[PDB]
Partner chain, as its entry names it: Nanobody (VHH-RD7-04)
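Okay, here we've got a single chain as structure tokens, the form solved without the partner chain, with questions on binding and movement later.
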């Protein structure tokens, strides 16, 4: 109740966001005020319950939660921009070091998140927020859900999710991390579908229609519809500037088998990140201006 409002930022499906100041310390924060008779919004409670149990530099930190009857505002750290604005700005050059740095921060945050058994399930450039010091953070945990006990925007949705996977693991984030990666390389949405059919159509026309060797039991997913055998453009033609190590990372993130699809840890262990050049420091990442 000690936060003063400074600027309005936007409205969504769930809430409206305002830049705010903590009066006690003059700190800049983001207050997400949730816009019947079911009580407090389940999305706000989900974000609270998940972000209270997490603490990592690459995960958005819940700082406070206050409100009145059935209405609540959530106080997060203020993030200057997101990866969508970075990608869509034609005045910014995304060098391989910048792409590597974004990849590294996303994968480290995701590795901590998956180690604590939580799937983000809404990974996309606008959910990857950046601050004035270049630290990427996973945000918008309104869709995040713990995993381990026996979804996503269409463009970045994994094929298993697009094919109806009720139970899934880290791959549903990893695939999104792949798509973001591709969107970083092309400065354009890699697989901009229209329906759940067109998204899979683009996926299979670009990467090739998966077969049983590349993805066993793919036909057991509930919404599984079999497409045509598209050869798939070779990865070095789509990403003509990608090196062999980067192509290996892309191939790992875009494996149709989610079990074979590289987890965050083994993605971090790929030679692409340890190869030259090293990821650029966060303070030297491009700022959308």
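Numbering follows the first chain given and starts at 1.
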{"item": "At least a third of the other entries leave residue 280 unmodelled", "value": "no"}
{"item": "Other entries modelling both neighbours but not residue 21, at least a third", "value": "no"}
{"item": "Interval residue 150-residue 151, deposited residues with no coordinates in the entry (none, 1 to 3, 4 to 9, 10 or more)", "value": "4 to 9"}
{"item": "Interresidue gap class [residue 35, residue 36; deposited sequence, unmodelled]", "value": "4 to 9"}
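Here the subject shifts to the form solved in complex with the partner chain, a form of this protein not shown in this document.
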query	finding
Site test, 212, 255 and 269 vs the partner chain in the bound PDB entry, non-hydrogen atom cutoff 4.5 Å	yes
Segment that reaches the partner chain in the bound PDB entry - one of 214 to 222, 182 to 190, 75 to 83, 124 to 132, heavy atoms within 4.5 Å	214 to 222
Residue contact check: residue 262 to the partner chain in the bound PDB entry, 4.5 Å heavy atom	yes
